[PDB]
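Form deposited in one PDB entry, single chain, as structure tokens, below.
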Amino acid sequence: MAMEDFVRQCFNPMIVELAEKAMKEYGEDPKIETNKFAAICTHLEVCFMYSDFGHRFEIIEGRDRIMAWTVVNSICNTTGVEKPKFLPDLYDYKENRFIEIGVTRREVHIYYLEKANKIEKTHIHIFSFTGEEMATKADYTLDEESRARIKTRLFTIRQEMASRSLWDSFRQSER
């Protein structure tokens, strides 16, 4: 599969490993569920980039569940903030809130609504592969440069996928 090859070449090995381990532990094969594999890599990378454009942020996504819940409980005890029912992706020590991050092949408002419906006062920030984004109360958290880097990376993934005739498949597999 070109899609499998694509993932191993455009994402750094730690992201690939993490994505692979996550999938294999739940009995899903990345050579079969290849569009899922790429989406998980893409989401992971956006979480890591967002964290790097701050020690403003604590990365929760990409840890195993013990560590993620350990990080969340330690943040809840020492700030007073409410425990989420689901692990979010980051904590913002400046604004003193958890963040859920979304990356969508469809319209940002549509995906924003789905996330909001699955959730507390977790802040939501959605990115598209088109440079559109949406966030709770239109508070975009990061400065424009950091946001522009994420969008560029996301647009570039799309374009790479399009080069290899993978983007049409990838687009229609979110649902």
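Rigid core: the largest C-alpha set superposing within 1.5 Å between the two forms. Residues carry their position along the shown sequence, with the first being 1.
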**Complete:** The stretch that moves more in 8 other deposited structures of this protein, judged by RMS C-alpha distance from this form after core superposition, 102 to 110 or 28 to 36, is 28 to 36
**Asked** Line up the rigid core: which moves more in 8 other deposited structures of this protein, 120 to 128 or 56 to 64, by C-alpha RMS?
**Response** 120 to 128
**Fill in**
Looking at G54 and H55, the deposited sequence has unmodelled residues in between totalling 4 to 9
**Message:** Between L142 and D143, how many residues of the deposited sequence have no coordinates in this entry: none, 1 to 3, 4 to 9, or 10 or more?
**Reply:** none
**Request:** Could you check which stretch, 163 to 171 or 18 to 26, carries the larger mean CA temperature factor in the entry?
**Result:** 18 to 26
**Fill in**
Assert higher mean C-alpha B factor (5 to 13 or 154 to 162, deposited values) equals 5 to 13
**Residue selected from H125, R149, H43, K121 by maximal Cα B factor** = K121
**Prompt:** Within this chain, which third does the Cα B-factor at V71 fall in: lowest, middle or highest?
**Reply:** middle
**Asked** If you rank every modelled residue in this chain by C-alpha B factor, which third holds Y91: lowest, middle or highest?
**Response** middle
**Request:** Could you say whether, by C-alpha temperature factor, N35 belongs to the lowest, middle or highest third of its chain?
**Result:** lowest
**Request:** Place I110 in the lowest, middle or highest third of its chain's C-alpha B-factors, as listed in the PDB entry.
**Result:** middle
**Asked** Hey, what third does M49 fall into on Cα B-factor, ranked over its chain?
**Response** lowest
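From this point on, the text means the form deposited with a small molecule bound, which you will not see here.
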**Prompt:** With the partner left out of view, is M14 within 4.5 angstroms of the small molecule in the deposited bound form by any non-hydrogen atom?
**Reply:** yes
**Message:** Quick check on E61: any heavy atom within 4.5 Å of the small molecule in the deposited bound form?
**Reply:** yes
**Prompt:** Would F48 count as touching the small molecule in the deposited bound form under a 4.5 Å heavy atom rule?
**Reply:** yes
**Prompt:** Though only this chain appears here, would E144 touch the small molecule in the deposited bound form if you measure heavy atom gaps against 4.5 Å?
**Reply:** no
